[PDB]
Each structure stands twice: as structure tokens, then as C-alpha cells.
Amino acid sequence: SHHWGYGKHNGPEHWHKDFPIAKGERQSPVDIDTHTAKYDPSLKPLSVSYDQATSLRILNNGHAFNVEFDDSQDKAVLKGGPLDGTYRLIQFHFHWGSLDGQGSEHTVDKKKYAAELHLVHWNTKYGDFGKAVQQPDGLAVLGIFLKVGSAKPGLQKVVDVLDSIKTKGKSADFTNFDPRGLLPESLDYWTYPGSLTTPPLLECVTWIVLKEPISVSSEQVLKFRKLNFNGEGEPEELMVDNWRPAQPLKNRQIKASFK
């Protein structure tokens, strides 16, 4: 639907009126209580295969910016871990704060990171993204926390194009970007069944949240905060605090791939 956002009058506390699944049984994000998470020795190794990833474009959609990929062939896929089958990369985006002390969607023992990266993948058994989001195992989102510290060299090409997509609806060419430069050293993770974190809030997602954050510089996150939620020629509303807070865990268990 239109006109949802992150403001006081249309933010997360209002979403349930148009998207009643907002109060559902497997909503995201959640707080990850690390002491309560259980190590699962049955999980298999996570396989991230991005060598042939083919980026196309970057778009300001009014709530974040998306780096889009060619998903017409198995070029960039996620497999293993909790997943059955093959999941194809379609886009990545971030959520971030107005201040370095907030911005992530997931939290770790109630800790909020400065930002969170979401690599969005769809289950190839379902043929395309739109059919995948009608299935309870349709999507897999790999989540990576950002902390402020040293610069992330592999983020810099993304930061450098943001000036060209300041406002809602703007896009730019974004070919030949390698998303492998956004991953931490370790692929140790937590996993649980959840949902999209923005409307339509669909309950289709296997969440895979990496334990190790990546470090980005202050200057890099400051450039995220210069984007606009609004369209060109409309009153400026900085794109900041585009995160949903933690939702009730309900009848779920978070599993860890490590001890």
C-alpha cells in the first residue's frame, strides 16, 4: 500500500491497520538473546556463492536504497545452513539510524548497531520472487550488522553513487559491483523463521544473521544520512531511522551455528 513510513503518524506502530499480519506469529526483526539461542550441530555449513553476481542498478525507493541484481540465472546464490535448496540474490539494502547508537533492526542482547545490511534471496523452486513471497520458505535474508570504526573499502562504491539518487524514485546504473566486499571474515550465524521488516510484512523469510559485524567509517554512514525519503521538489525529510524495532518472539527458537 502507499503512505506507510517511519514517522510518528505512519511508522511501525501504525502498520497493522493496513497490514494486519504486523501482529502475526512470526514477525521480524527480533532481539537475539545469545544465551538462549541453542547451538544446532545439525545445521550444515553456509555457502555464499557470489563470484558471478551481476549488479545492475541502484534505486532510492522512498524507504531505503536497493542495489539490484540480475536474478534471471543462478549467478549469485545462498545455500546450506538452515536452507533446503538454492536461493538467488535479487537485491541488497540497509537500515540505519540518525545517530551511531541506533539503526539496526535485529538487536543482540538488546544492543543496537549503527546499521544493518540485508541481502535478499528467493527460493528457486518457486520460479520468481513474486511467487516466492506466497510461500512460507520463499525467501532467505542474510543480515549483517554495521558498527562505526574503520572504513569498509567494499562499501565505498555504494557511498560514492548516493549523491545521484538523493530522492525517491531516482536510480543510477550500478554494474560490476562485487558484494563479497561487504561480508565479515566469519560466517557464524543465528537463524530463525520470520518476515519482511517493511510492509507488506509477509511471513516468508528464513533469517540468517551473522554474528560478526562489519566496520564502516563515520563518514560512510554520514553519507547514508544525506539521502531523502521525499521526492524531488518536495519538502526535505532526511532518510534516517528507517528501522523497525524488535517484535515479539512468540513461539520461536533462535538457533546458532556455533558454540
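All residue numbers are counted from 1 along the displayed sequence.
Chemist: Going by the mean C-alpha B-factor recorded in the entry, which is higher: 138 to 146 or 182 to 190?
Modeler: Mean CA B-factor is higher for 182 to 190.
Chemist: Look over 196 to 204 and 36 to 44 in the entry and identify the one with the greater average Cα temperature factor.
Modeler: According to the PDB entry, the answer is 36 to 44.
Chemist: Reading the B-factor column of the entry, which of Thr107, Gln91, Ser98, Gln73 has the highest value at its C-alpha atom?
Modeler: The listed residue with the largest C-alpha B-factor is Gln73.
Chemist: Determine, from the deposited record, the chain-internal third of the Cα B-factor for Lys168: lowest, middle or highest.
Modeler: It belongs to the middle third of the chain when residues are ordered by C-alpha B-factor.
Chemist: Please place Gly127 in the lowest, middle or highest third of its chain according to the CA B-factor in the PDB entry.
Modeler: Middle third by C-alpha B-factor.
Chemist: Going by the entry, which third of its chain does the Cα temperature factor of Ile58 land in?
Modeler: Its C-alpha B-factor, which the entry lists for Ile58, ranks in the lowest third among residues of this chain.
Chemist: How does the C-alpha B factor of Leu155 compare with the rest of the chain: lowest, middle or highest third?
Modeler: Its C-alpha B-factor, which the entry lists for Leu155, ranks in the middle third among residues of this chain.
Chemist: Ordered by C-alpha B-factor within the chain, which third holds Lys111? Give me lowest, middle or highest, please.
Modeler: According to the entry, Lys111 has a C-alpha B-factor in the chain's middle third.
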